[PDB]
Each structure stands twice: as structure tokens, then as C-alpha cells.
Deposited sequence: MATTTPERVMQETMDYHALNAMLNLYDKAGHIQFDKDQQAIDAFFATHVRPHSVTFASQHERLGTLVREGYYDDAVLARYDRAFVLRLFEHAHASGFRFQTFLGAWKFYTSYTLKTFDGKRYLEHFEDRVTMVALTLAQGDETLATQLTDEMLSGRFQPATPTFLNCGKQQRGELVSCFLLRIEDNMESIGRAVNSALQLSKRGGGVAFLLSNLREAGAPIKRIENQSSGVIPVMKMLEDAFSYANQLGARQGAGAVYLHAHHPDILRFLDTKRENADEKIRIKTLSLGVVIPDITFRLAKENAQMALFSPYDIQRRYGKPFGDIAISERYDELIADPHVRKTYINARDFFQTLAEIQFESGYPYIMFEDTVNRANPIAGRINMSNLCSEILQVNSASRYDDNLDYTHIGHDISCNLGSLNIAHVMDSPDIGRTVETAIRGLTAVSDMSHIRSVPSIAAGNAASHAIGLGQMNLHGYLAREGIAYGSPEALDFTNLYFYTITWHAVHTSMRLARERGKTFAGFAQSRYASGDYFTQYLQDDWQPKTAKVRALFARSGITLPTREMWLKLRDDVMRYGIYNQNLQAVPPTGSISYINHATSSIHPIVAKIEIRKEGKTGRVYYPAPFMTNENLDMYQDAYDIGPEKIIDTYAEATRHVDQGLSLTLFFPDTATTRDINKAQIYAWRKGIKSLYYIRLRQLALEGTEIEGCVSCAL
């Protein structure tokens, strides 16, 4: 007799005379949802075998995927799938999946998939015919241990579908050709829903020459302006703005005009690269010198974006063949925070930290639209007709995440990590982005992937450890320690199985073993009793020196398949499906509210949370930056790419506050910073 699941949902938004919540009311919502809406609008077939048939016949499922398997095997899988006992844990989780993920009939009126169907098809797709693999992926996803990126989760198997990968990073070179190409990539990538970031640092600055006639270039903005229109023009079906980003080196002469667009470029996001010296200068209240990329090129034969500024600052200041401009470092960071304060951006990439941690030959000069990807890239050369004469290497992202709790809840952690790695790797292998050759090239050369984490705050709460605490820090350090061991063990394996390794391996730190010197010392003993306890209870072995030493041999000898393994992005709405917390930070709220749906909003309580443990769920605001920054650093120690890191502040905070945080971060090893969020309603 009460079947308004929204109402029921709404009830999570109520507190009783004792500041407690009717969590059950949310479970009632799930129940009414399935009963009043799903079950009734979901299609039931007489058998799976006819269902496939129909789905392929009418144009929904891609038969090419089913065809890599003996159909019996298929059926066996759907059955297992549906036999696993999967339930959604929350009304939003369900509602999200059916309103935006599950496959519907072409007219919208009926559902054709349920969570496990989708799971299955994903498993089938990535396993490319490998049945045991297919089974495992199925298992990993149904257990909650693994959660592929949205773009994969959503399209695998579908006949009419998106691409499986969808954030991309591109260079631009200081000539029109590159520029033209960039704008064209923007168009092609964004029409298909991709997020794309562009490096701008190589471009000659405002005022520089063209064809040896002085004061003629107009710098980056008018280029920013084009990319902007592109993204705005080429939305994705069912969207109005597209998403772009541009990164620019802080020491680039146009830095301030650049920052200035946000005090005008309304939809691209900005990101700024900052080397260590900049910090040095502002400390010692000094002047910042900006070098011309025009000159830099002619005198060094390389582009601004490819030299090491910190390492050649003085040199450069002294080379009179390099024009210099000066602004006040302290004011810089001031402008930086003022903007950040007004609008979240810009992101920040600690260039020196990054390159110093980079195990891969080359430098890293830019990042993605979520500031988590960090990888080398390389120039492309064109022909006057735009035809590539030299196809360089650009970057694209293959993502998925583990839900730490569920991982810890299963002793075979090595299987668990191997699978995800196997799956993301598949995503990479199946990927062939034709519209932008340099992307295709890159993928193909590197098989880079980015395995990421989520639900930390979820986990720690459940185990009664407070976010931020030494218990917490200790755990996050070792968890990531152990995840790294298995992932590289896995990539090593793959190289063996496939008998090849990523391009450049040889020049890498993996090749020489220097990549391990870190692990052959000691941290690795649980700084803490509780943490020691958790791993033990979980039946998981923390990798041991003998293990590392052995893996180091196997790597030096056999190599690894993927040039890059981990990356920790924010976990948008999949997190709700997976029932996990945004990534590894804490909980923007206890009962998160989203402005979605026919009622206006929908409410989402955190995992494992009950009236008897609320005190373990203090929100990000409440926890504040230090603790957050501290958690990410423990993680940053191991993750070869980077992690999206937001700082949440009270609306009373000041730019100095912001700046103190960024310094701390910087001082702490943090590779990069994402947006800064001032609390608002």
C-alpha cells in the first residue's frame, strides 16, 4: 500500500528529534521502484536464446561480439550472471542505472537490460573470446570489486553505441597546421562525447613575430576562442556544452592574459603547469621571468613545452637570444587563487614533482580535463594539406576502478587486480580512434591504462577508522603499495603472454630497475596495529622484499605490456551504481542530494552508514584539506599517473587559505590539483 519511491527517497532527508535517519525508507524505495516501474516496463523473453536472437535481429545487440564465443558458453554466462544474487544497495543506484545506463527499446518505452545483462555483455566484450576471462570479469563486476568507466560500461556490446574510451589529451605545435588540426580534433572527438584537453604552451606568445616581421603573433587566446566554439558547437547527443580544457605553462608570456579569460572564455576549463622555481621565487618575494617560446625554439630546437624550465631557468635568464618578461610571482599565485575562488579553476600540475616521479622516458607537459592523467606525448608533423607526414603520439584514457572495500573483502586480491588490468588492457586493444591518427598511434604504442580506486572513505568508516587519521594514512599507503605490486606483476605477465612490451620500455626505469629502489628499502611495515590487523583478517599478503626483488627481475627480463597502469579519477555517477564514495576523498555529504528527476531531487546515503556510526562520516568540508592532501600523498607515492584532488573549503575561506593549501600540497608530493570547491547550497 505506498508505492512512491521518490517520497520514500525523500525521507532520507528527514531528521528525528534525535538527529537520526530512517535509512530503511530508502530500501522501501528500491522495492517500490522495481515493483511500480521496472518490472512493469522491462521485457521478458521465453528464453535467453531467443532474447539474444531478437536483440540481434532488431538491431540492439552486436552479433559480432557474441560470435567470438560458442553460444552455449554465452547462455551459461547470462545464467550465472543472473544467479549471482546482485541487488542494488540504494534507490539512486537503481534509478541511475535504468534512467541512464540500461538499454531501452528504440522508442524509449521499455527496458531490455538489467544490471547483470549489462554486466555480461561488458564481460563478453572485453574478454574477446576468452571465456575464463569473461567469467572473471563478470564476477568482479557483480561483486562490486570492479567498475569500468562509464563509456565502456555503457556501450560494450551495443550495436548502436559510443566509443569505449572518452577523455583525450592533445598537443599543439607552433604552426597553423597543428592549430587547424587541433580544432578539427576538437570537432571530431567532441561530436562523439569525448573530453579533450589541449596543451598551449608551445604556441608563440602574444606579440611575437611571424615570417620574421615583428610584433605580429596574437598568442593563445584567439586559439582558445576557436576551440571554445568547436566544443560548444559539437555537443554530444543529449548535451549542450561539450567539454574542453587547455593547459599552459606558468612561465609562458601569455600566462596572465590566459588567467584573465576567467575574470572571456565561458566553457573551456583552464589548467596551469607550475615548476618548482615558481614556488622558490614567490617565497623569496622575487620576480618571475617568462621566456618566449618563439625564441626558445630557435635557440634550442625544441618547443617551450618540451624543455625543462626549472632546470634551465638561469641559463635562460642569461641567454640574451631569449626574450624575457617579468611579473611578480607572489601576485601570480594571488591571481591564481582569486580565479580559483571565483570559479574552481584552474587545475594545477606540479610539473617537477611529476617529471621526477615519471618512470618513462620523456617529459610530461600537460594533463587531462580531470587532472589525473599524466603521460609523455610527442609532436606530429603535417603536410600543407593537413596530411600527417610524421604521426606523433598523443594520449587517451582507459579507465576503471576497484572499490576498495569489496577488494579488501576478498582474499584473492591478485586475481582481482589482474582482471581489471586485463579488462582495461582490452579496452585499449580494442581502441582505434581514426579521426585523430596521433591518438591511435599513441594508444597502440603504449597500451597505457589507468586503474583507479574508490570507496576509501566508505571502507575506513566501516572499519571504524577516521578519515585522515594515522590509521587511515597508514592503510592507504599499504593498500596502494599492495595494489601496485599486483598490477605490475600483471602487466609483466601480459608482456610475456603477448611477447611484446610498450614502446620505449627500454628507455624506461622499469628497464633498469631503478623503478624499484623505492620498494627495496623499507617503509612497508604497517606503521599500525589496526592496519596490520585488517590485512591479516582479510587474508591478504603485503608484498615482501623477496617479492619485489623477484618482480624486478622478471620485469627487467621480460618487460611489461602497459607503459602506465594507475590513475585515480573522481568516480562520477558510476560511483552511485557501485555504491562507493567519489574516489578516495570524503563525502561531500552524508546524504548527498542530486538535482535529478521528476521530483527535482534524489537523495543518496553513504555506504555502510547507519545511525550508529554517523560520527565516522564527517564531510569533506569538515575534514578539510590537510587530511585530504595527506591521504592523496600516501597514494601519490605509488600511482604512476596521478589523482584528481579537490579541496573543499568553507565560504569564509580566503585566497591565502587557498594558497597555503596549495603550498602544503606542493610541499607534500602531490602531483596535481583539480578544482577548489567553495561550499555553496
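*Asks:* Going by C-alpha coordinates, which parts of the deposited sequence are missing from this model?
*Replies:* Missing CA coords at 1-11, 275-281, 700-714.
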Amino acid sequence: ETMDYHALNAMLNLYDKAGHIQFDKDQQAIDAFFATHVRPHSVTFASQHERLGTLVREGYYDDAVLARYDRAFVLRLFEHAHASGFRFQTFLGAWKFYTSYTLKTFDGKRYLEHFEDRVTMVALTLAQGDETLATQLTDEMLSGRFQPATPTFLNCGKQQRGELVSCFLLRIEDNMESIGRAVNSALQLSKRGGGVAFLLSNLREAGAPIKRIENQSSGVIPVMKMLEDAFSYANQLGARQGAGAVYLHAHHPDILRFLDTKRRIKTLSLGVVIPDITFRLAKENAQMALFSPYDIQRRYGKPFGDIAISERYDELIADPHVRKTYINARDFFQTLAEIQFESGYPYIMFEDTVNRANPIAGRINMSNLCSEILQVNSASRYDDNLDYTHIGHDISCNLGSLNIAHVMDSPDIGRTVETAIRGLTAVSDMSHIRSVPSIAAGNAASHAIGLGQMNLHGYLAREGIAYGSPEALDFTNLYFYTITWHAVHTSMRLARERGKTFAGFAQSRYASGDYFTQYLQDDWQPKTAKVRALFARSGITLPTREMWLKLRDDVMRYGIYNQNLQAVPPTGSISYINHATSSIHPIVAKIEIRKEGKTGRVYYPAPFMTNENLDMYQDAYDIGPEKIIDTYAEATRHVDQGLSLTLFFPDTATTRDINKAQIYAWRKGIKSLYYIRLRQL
From here on, numbers count along this sequence of modelled residues.
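*Asks:* So 307-315 or 171-179, which one's hotter by mean CA B-factor in the entry?
*Replies:* On average, C-alpha B-factors are higher across 307-315.
*Asks:* I need to verify one thing: averaged over C-alpha atoms only, is the B-factor higher for 223-231 or for 508-516?
*Replies:* Comparing averages over the C-alpha atoms only gives 508-516.
*Asks:* In this PDB entry, which of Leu456, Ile391, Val555, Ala448 has the top CA B-factor?
*Replies:* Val555 has the highest C-alpha B-factor of those listed.
*Asks:* For the listed residues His579, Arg381, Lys590, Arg601, which one has the largest C-alpha B-factor as given in the deposited model?
*Replies:* Among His579, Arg381, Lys590, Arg601, the highest C-alpha B-factor in the entry belongs to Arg601.
*Asks:* According to the PDB entry, is the CA B factor of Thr652 in the bottom, middle or top third of its chain, that is, lowest, middle or highest?
*Replies:* As the PDB entry reports it, the C-alpha B-factor of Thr652 lands in the highest third of its chain.
*Asks:* Determine, from the deposited record, the chain-internal third of the Cα B-factor for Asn13: lowest, middle or highest.
*Replies:* Its C-alpha B-factor, which the entry lists for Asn13, ranks in the middle third among residues of this chain.
*Asks:* Among the modelled residues of its chain, does the C-alpha B-factor of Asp387 lie in the lowest, middle or highest third?
*Replies:* It belongs to the lowest third of the chain when residues are ordered by C-alpha B-factor.
*Asks:* When the deposited Cα B-factors of this chain's modelled residues are ordered and cut into thirds, is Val196 in the lowest, the middle or the highest one?
*Replies:* Within its chain, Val196 is a lowest-third residue by C-alpha B-factor, going by the deposited values.
*Asks:* Lowest, middle or highest third: where is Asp62 by C-alpha B factor in its chain?
*Replies:* Its C-alpha B-factor, which the entry lists for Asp62, ranks in the middle third among residues of this chain.
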